[PDB]
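One letter stands for each residue in the lines below.
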Amino acid sequence: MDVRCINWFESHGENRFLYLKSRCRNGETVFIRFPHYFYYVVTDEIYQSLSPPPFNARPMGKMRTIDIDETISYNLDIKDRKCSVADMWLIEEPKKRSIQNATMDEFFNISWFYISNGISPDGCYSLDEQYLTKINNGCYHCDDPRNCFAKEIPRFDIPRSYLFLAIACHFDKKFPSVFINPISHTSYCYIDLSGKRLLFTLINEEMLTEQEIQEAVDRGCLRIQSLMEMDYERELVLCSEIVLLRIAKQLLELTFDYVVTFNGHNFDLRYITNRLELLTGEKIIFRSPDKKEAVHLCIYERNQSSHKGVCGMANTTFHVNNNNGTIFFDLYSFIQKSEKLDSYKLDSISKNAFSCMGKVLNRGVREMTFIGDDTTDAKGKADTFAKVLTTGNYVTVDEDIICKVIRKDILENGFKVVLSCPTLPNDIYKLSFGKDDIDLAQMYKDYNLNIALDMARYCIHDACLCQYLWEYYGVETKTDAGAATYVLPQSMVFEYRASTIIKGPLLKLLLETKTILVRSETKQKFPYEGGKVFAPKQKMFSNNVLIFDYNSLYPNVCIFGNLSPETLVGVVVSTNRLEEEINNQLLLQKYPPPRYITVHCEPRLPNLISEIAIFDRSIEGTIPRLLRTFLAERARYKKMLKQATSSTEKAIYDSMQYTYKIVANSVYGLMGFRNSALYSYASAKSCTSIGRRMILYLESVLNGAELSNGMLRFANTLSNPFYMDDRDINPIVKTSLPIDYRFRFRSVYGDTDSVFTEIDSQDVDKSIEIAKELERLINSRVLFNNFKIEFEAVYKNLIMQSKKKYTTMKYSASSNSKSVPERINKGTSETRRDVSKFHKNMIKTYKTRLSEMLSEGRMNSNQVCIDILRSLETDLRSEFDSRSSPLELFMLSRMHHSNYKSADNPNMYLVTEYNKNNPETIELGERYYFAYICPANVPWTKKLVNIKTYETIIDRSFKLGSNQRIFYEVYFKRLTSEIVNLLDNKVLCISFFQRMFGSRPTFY
Amino acid sequence: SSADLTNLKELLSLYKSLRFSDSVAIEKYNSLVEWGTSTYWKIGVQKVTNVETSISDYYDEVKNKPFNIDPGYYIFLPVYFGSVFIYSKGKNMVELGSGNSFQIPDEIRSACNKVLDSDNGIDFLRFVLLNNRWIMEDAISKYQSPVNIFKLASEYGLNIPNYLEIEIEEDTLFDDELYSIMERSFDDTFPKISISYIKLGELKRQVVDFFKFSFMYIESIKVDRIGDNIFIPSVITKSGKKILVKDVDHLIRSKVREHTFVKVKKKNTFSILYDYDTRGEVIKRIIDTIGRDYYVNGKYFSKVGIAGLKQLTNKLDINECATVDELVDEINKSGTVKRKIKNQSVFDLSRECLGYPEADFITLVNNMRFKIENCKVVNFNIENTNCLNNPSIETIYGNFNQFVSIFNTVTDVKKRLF
Amino acid sequence: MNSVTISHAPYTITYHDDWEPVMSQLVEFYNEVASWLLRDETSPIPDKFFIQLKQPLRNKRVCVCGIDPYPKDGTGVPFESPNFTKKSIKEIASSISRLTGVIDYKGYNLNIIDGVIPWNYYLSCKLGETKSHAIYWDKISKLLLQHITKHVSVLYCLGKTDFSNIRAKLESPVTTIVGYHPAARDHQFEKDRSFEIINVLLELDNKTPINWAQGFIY
DNA sequence: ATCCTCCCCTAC
DNA sequence: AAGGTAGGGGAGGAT
Ligand SMILES: [Mg+2]
Ligand SMILES: [Mg+2]
Ligand SMILES: [Mg+2]
């Protein structure tokens, strides 16, 4: 009677049904089957004139339909927008019907289900039993969801079951191939509803000698020949391949809540199912709760195209076709969409996710002892590391040395781990769980019992990493939060982008406000100008910079201007100044500012000189309410973030509020998207015009402000640049700072919605006090209505390179001068994914040295330029001849896709040839590594004719041949330009290139 | 299904003939191309973003040397002095040799469609523009003949040449003597450049022109009146012979100057200049010679008169008077003139009345400030004087006070006319 | 038309000279796996597994590739039905006949048409299923698929998901079309018009077209 | 030289 | 089923 919703899913048979999976307070699972309908919205005069009677129909109220097409006029004789009001019906029909005058046909049928019956996807309910008919054991049918789910109750917690799985396949030299290679190991982590956790690995005994198999049993292993004698509480079981696959079948056919794998939808499950089919007559069969459909396990590929002029394909995913309510969840696709890495391999993700700072507790001849706790790092990192340590095998030190774990002791709060490593003369090191140094190919060549047991240990770890990442990213929390806000089923939360996920709240708003938006014309795309970006005034500041940033500027612009397709009064254009002045003289009288806002936009057509968009702010439209909805959610998750304690809690809540940031901004993108239902050229262009004025207003009043004895003087009169108001616009305002303070403010940079204001100070504690008081005066006297800013941070030793490139040491707005700053980089080569690690290491060294000696200042002759260049040339020449650096430092990352024009693009060719000549296939959404490799006999040259001909795609098994070398000419040139671009000299810098590379640089 | 076969068959149909496609047919073609490519991953044909209308396939180099004619039946039509235009069915008219926007009346567009509705075998209609008079010259068709098309054109208000039909029964050596005989046999009163003849069975037109190359001395340049403030230039030689000029651009591109020798083709009836080989010098010399009070408006010259109410009534097709009130009394009575006043803005109505060219007049307006009271102009001044370097812009400004007088008057007519 | 000997039934393979470059590998690959497959009954009979190697390649222009040599009521080669009763062959004839104008006919077989060589990726399957021996043949199928492709201009494969990555399997580039199998659910093959597209692309690139109506039996 | 185009990725 | 512009750096090319 009391259930919590877990999932929704549909059948694929002739009769489509919608199923709910939910669990009761006591742990029992119940399914409810709902009839599926197609929903159509028609007007009264259409409803009464439908020749084929509808299956069912109910009135949905009296609604207003607004035609939201946009036309330009050359005068002020603007007519009222076409609007009609009529009683309308919502009709449901089991089969598709063609209705000549149906509207609101851009919403999903599942969305109509949820909204019409007032059902939230993840709600907790107390159901009225008289509407439920028992059809099977644990399955009911519900004909009246409107009254069955009327009662909602507070949320309660339920148990859930998990299956985490991984396999290891045999190979001799290359990627495994299903037609030859047997399965070696299978590992599971089995978690029941009781919470009992079982860990076990199965070993393929067919690759061991009979004497070795008996030795395994003597050591404590179990040997089984059939399935009826299997026991899941034993850590190691030896059996033949037939048993291995039948066990995999038995487990996968169970009604788990989640079955979680990492890239198992293309490899793990595919291998298991394909090999089972040949060896025996069994197949993996999924069945619906009511046993009216049964399907064999099949993997389907979903191709995602782009929306450019040559769209092509940009991503691909694989899905399991189960119909039993289980969610098959793949970490690979989830993480690839969420995070940014050089690569998304399991070792790379773990290396970054599971790490901490550990202290050296003891030292030895070949062993070091590392101790970690909350006293040496951020709270919770030592505990997360300790948790993973339970099953881990190797620990990486300072992201470079792979060390074997010899001893592990898990402490009440931290850990003590003993690693086999050379003595490292320091006290603090970074520990993480990353790459292993094992060689599987050699381990198969010499495969024996001792290897089989070590591989079983590795395999269960890989299966456990899926659980550790599951919790680390808070996947369970994100799933339910998404389903509730987007009105989507829990199974579909992470598959759709903005165009679809916003349909849930959008339908609610349209039905609540009694509005339908329709079009009668053809859309045409026109360009428009974006936000303002300032040019940096100085390269090096050597001063503290106060950064002030508008809080979600876009949503406030639409609310301020009431910008939406249905609120536009009109667009008035002129071709000549005489008409422009006449239209302005009438405009200021026809549409008084107290009710209307006028936005002066750039020309739309090349034969126009002026365009004004007129918006009516007296009635709030639909987009402002959609934006308010997302603002409310983001604020709620930001508030919870402020209350988080552990590093895990903070990461999860920070990620969710970021997600709401993006969807709120994408509402604009949909308004500017030529194929959107919300497309509005006038509104999108007007939004950015208001934004540009808003940034210039704040920048102008701060540039030249001065802090005096007890009063702040703003540079310019604080006059609202949109309309006249009753605010006191006097630029002299009272502050609460001490008389000791005397400072001048200058604007040195600015980007999209933030202003970089330099203060003539070296201290941070004074900078924080002034910045906080300065924000108070700005929000209370300078800005108006809902426009507010926050003080972000103090940037110390800020250096500017371009309009999108800078580096600084960040002091947070809540951190005093005694704190440790964070070193942050925007747009620099130290953050890019397409350069190298060789470049990054050197540019950091030289840029730091340049800043330190230039900030101090000597300049006896040409010290700064010559000192950097001389050291650079020495290191570049030394590396070329030494050739000792690992290839891993010269690897670039690139994405593969088909989004191209002409078909002869070298990028598609390079990958296509790789795929043809290798068992490894690069798919259209994957990232791969490549390098510039040339024959070892090629000397250092100066004249570079071809670059792309040196690109090769490298797999994990790639080894640089004795007849090859790294094409240093391209790696060194790129680094040299980045360093030289930081120098103020020309004569010596040009000479550097002429002797080293044989070229002349460009000095920007 | 049939839906896919329709898309594929329509794509093949348009592909075979993309040279008779307008913007809508081209968009349909390119949409079907994108549909095919995305549906099947490979398509035989690609999108088209070129192919302009051309009639060059039907003509050849003009023959100016004697030649033999063996075939019998020919039809001969004249080619008149003047600019050549081509008209397409259901479309506007385009000036041959350069794609532009030229002022075309409604009477000719209607008459063109009326004859082109007779049959679907006509590719285009050829027209010649002579002193703001339109004559139809040709209408190439795969099914019709150049006889009934012209007869219908005449009934619809268009001018047509004198149809001649000639059959050759011998081996004739075509020379200037026969050219003169057959040219005068048309009994036409308009200057002609050449004669175009066609053979029954072919669409190709062949053109003959017998002329002599010479030099002549220009004594003066003058403009003749052909309409209401519309003047056309001509070139007068020392002997008094009038050399025909196509338009204002003709003299500028031919680099014609006064009191010098220019290249000219001499014909048996008149002399003609040709365009085959600075602009600031030549246009200034022409203006100074014909008169300081003339300026260029498109292809012709106009004067800078002090036109007032008497000329406003002529443009509005109402009674000629000097009373402002009558500018609303009659308008409310005649529905054929009220439409013009209410449909167009005051800016264009007063711009037309003084014969100002659109492009240069707007350029002046956008470099000068206005002060308006109750949407009526009370003052103005120039803020950017660089626009005055073009002689047309300075001349237009010199008489801008007349524009303001009419502009303000029409503004009050609109306020009371509604 | 030479032959080789093998270690298991049918103990001999007869092939056209055009298949010589793969025969050196087919004997090794089949001898290592036949011991498992030939214990039971198969459809087709093992005696026809290699019957498709009798077809010449140098005189072909198009290859139509199915999934298996239709086990049930099979003949040993794909796209044949001795009584014109199979759904696949009837629907192929139906689409072509509607486009061509053929009304009165008694059967259809793609093995009749000149210029096209019928083929199937997997050399055998179980009776009642498809792709049941993919683990068994894959390596052999890749050898034969790239070899036959090198001799034709246009490769027409059936199965939107089955030959999704065929471009990686093939060595030489070929004009590749992947369509619906003429027996799929939801009537998705009824809108497939690959056969006409093949001939149009051949004409554009100055190649001999396929006379698809040649396959009708009168 | 010398600018133009295309692409890849980043900042908002 | 598919959010929007501003901008830098690099490789190749048509001059
Ligand atoms: Mg902001
Ligand atoms: Mg912020
Ligand atoms: Mg910002």
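Residues numbered from 1 in each chain as written, not as in the entry; some residues may be left out. Chains lettered and ligands numbered in written order. Heavy atoms only, no water.

S.K.: What's the story with the nonpolar core in this structure? I'm lost.
M.R.: Nonpolar side chains in soluble globular proteins tend to end up buried together. Residue and element names in this part refer to chain A. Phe149, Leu698 and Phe714 are the most contacted members of the largest nonpolar core, which totals 113 residues. The element best represented in this core is helix α19 (residues 681–702), accounting for 10 residues. Two domains share this core, each providing at least three of its residues, namely domain 1 (2–69 + 86–158) and domain 4 (528–549 + 680–828). Not counting chain neighbours up to four residues away, the residues in contact with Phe714 comprise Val701, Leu702, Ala705, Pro731, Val733, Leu777, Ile778 and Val782. Residues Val260, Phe370, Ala382 and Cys421 belong to the second largest nonpolar core, which totals 49 residues. (Core = buried A, V, L, I, M, F, W, Y, C linked by side-chain atoms within 4.5 Å. Buried < 20%, exposed > 50% of the residue type's maximum accessible area, 1.4 Å probe, protein only. Helix = DSSP H or I, 4+ residues; strand = E, 2+ residues; numbered from the N terminus. Domains from an automatic or database assignment. Contact = heavy atoms within 4.5 Å.)

S.K.: I keep staring at the sheet that holds strand β2 (residues 73–80) of chain B and nothing clicks. Help me out?
M.R.: The strands making up a sheet associate through hydrogen bonds between their backbones, and the pairing can be parallel or antiparallel. Residue and element names in this part refer to chain B. Taken together, four strands build an open sheet; the order of strands is β7-β2-β9-β10 and the sheet is antiparallel. Each having just a single partner strand, β7 (164–167) and β10 (205–208) make up the two edges of the open sheet. Ignoring which end each strand starts from, the neighbouring axes of this sheet average 35° apart. As judged from the seven bridges shared by β2 and strand β9 (residues 192–199), these two strands associate in the antiparallel manner. Counterpart to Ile75 in the pairing with β9 is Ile198. (Pairing = 2+ DSSP bridges. Axes fitted to C-alpha atoms, helices over the stretch in contact; angles between N-to-C directions.)

S.K.: Teacher, can you tell me more about the environment of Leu546 of chain A here?
M.R.: Residue and element names in this part refer to chain A. Looking at where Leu546 falls in the secondary structure, it is placed in strand β29 (residues 545–550). By relative accessible area, which is 0% here, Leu546 ends up buried. Leave out the neighbours within four places in its chain, and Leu546 touches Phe745, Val755, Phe756, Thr757, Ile759, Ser767, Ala771, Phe791, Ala793 and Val794.

S.K.: Sorry if this is basic, but what is going on with the sheet that holds strand β14 (residues 222–223) of chain A here?
M.R.: All names here are of chain A. In space, the seven strands of this open sheet follow the order β14-β15-β13-β12-β11-β16-β21, with mixed pairing throughout. This sheet does not close on itself; its edge strands, each paired only once, are β14 and β21 (327–330). Note that strand β11 (residues 162–169) and strand β16 (residues 258–261) share three bridges and pair parallel. For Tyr162, the partnering residue across the bridge sits in β16 and is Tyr258.

S.K.: Before we go on, may I ask you to explain the pairing of strand β14 (residues 261–266) of chain B in this structure?
M.R.: Regular strands have side chains that alternate between both faces of the sheet. All names here are of chain B. Strand direction decides the pairing type here: strand β11 (residues 212–225) and β14, joined by six bridges, are antiparallel. Among the inter-strand pairings, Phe215 is bridged to a residue of β14, identified as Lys263. Taken together, the two bridges between β14 and strand β15 (residues 271–272) define a ladder with antiparallel strand orientation. Of the residues in β15, the one forming a bridge with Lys265 is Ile272.

S.K.: Help me understand the protein's contact with DNA strand E, please; the structure alone is not making it clear to me.
M.R.: Residue and element names in this part refer to chain A. Taken together, 27 residues are adjacent to DNA strand E, and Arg497, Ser499, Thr500, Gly530 and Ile947 come closest. Contact distances for DNA strand E include 3.1 Å between a phosphate oxygen and a backbone N or O atom of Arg497. Listed by contribution, the elements that provide at least two residues to the surface near DNA strand E are β19 (299–305), α13 (498–501), α18 (647–671) and α24 (968–980). Among the residues making up the surface near DNA strand E, the classes are represented as seven nonpolar, 13 polar and seven charged. (Near = heavy atom within 4 Å. Polar contact = N/O pair within 3.5 Å; in protein donor to acceptor, adjacent residues only side chain to side chain. Nonpolar A, V, L, I, M, F, W, Y, C, P; charged D, E, K, R; others polar.)

S.K.: Explanation requested: the interface of chain B and chain A in the structure shown.
M.R.: Interfaces are frequently sized by the accessible area removed from exposure as the parts join. At the junction of the two partners, chain B supplies 14 residues and chain A supplies 10 residues. Between chain B and chain A lies a buried interface of about 1,100 Å² when both sides are counted; carbon and sulfur atoms form 65% of it. By the criterion of area lost to chain A, the three top residues of chain B are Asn366, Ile372 and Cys375 of chain B, representing 47% of everything that side buries. For the pair chain B and chain A, the number of links is zero salt bridges. Between the two partners, chain B and chain A, sit three residue pairs in polar contact. Counting residues per element, the ones that place at least two in the side of chain B that touches chain A are α12 (358–365), β18 (368–373) and α14 (400–417) of chain B. (Buried area = accessible area lost by both parts, 1.4 Å probe. Salt bridge = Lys/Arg side-chain N within 4 Å of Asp/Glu carboxyl O.)

S.K.: Sorry, what's going on with the packing of aromatic side chains here?
M.R.: Aromatic ring pairs: the centre-centre distance and the angle between the two ring planes describe each pair. Residue and element names in this part refer to chain A. Under the criterion given, the structure shown has 111 aromatic pairs over all chains. Ring geometry for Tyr528 and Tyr668: centres 6.3 Å apart, planes at 80°, overall edge-to-face. You can see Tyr528 sitting in the loop between β28 (515–518) and β29 and its partner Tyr668 sitting in helix α18, a full 140 residues away along the chain. In this structure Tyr668 comes out as buried when scored by relative accessible area, which is 15%. Ring centres of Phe784 and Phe787 lie 5.3 Å apart, and the angle between their planes is 55°; on these two criteria the pair is classed as tilted. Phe787 carries the same exposure label as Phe784, and that label is buried. Above the plane of the ring of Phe17 lies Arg33, whose end atom (NZ or CZ) is 4.7 Å from the centre. In this arrangement the basic side chain of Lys503 is found over the ring face of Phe107, its NZ or CZ atom lying 5.8 Å from the centre. (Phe/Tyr/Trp six-rings, centres within 6.5 Å; stacked < 30°, edge-to-face > 60°. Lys NZ or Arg CZ within 6 Å of the ring centre and 35° of its normal.)

S.K.: Honestly, the domain arrangement of chain B in this entry has me stumped. Any pointers?
M.R.: All names here are of chain B. For chain B, the domain assignment lists domain 1 (2–40), domain 2 (57–208), domain 3 (212–295) and domain 4 (304–417). Here domain 2 and domain 3 have C-alpha centroids that lie 27 Å from each other. The interface of domain 2 with domain 3 comprises eight residues on the first partner and 10 residues on the second. Buried surface at the junction of domain 2 and domain 3, summed over both partners, amounts to about 860 Å²; 60% is from carbon and sulfur atoms. Of all residues in domain 2, the largest losses of buried area upon contact with domain 3 belong to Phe81, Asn131 and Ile193, amounting jointly to 49% of the total for that side. Along the contact surface separating domain 2 from domain 3 lie zero salt bridges. The tally of links from domain 2 across to domain 3 stands at three residue pairs in polar contact. When the residues that make up the side of domain 2 that touches domain 3 are grouped by side-chain class, the tally is three nonpolar, two polar and three charged.

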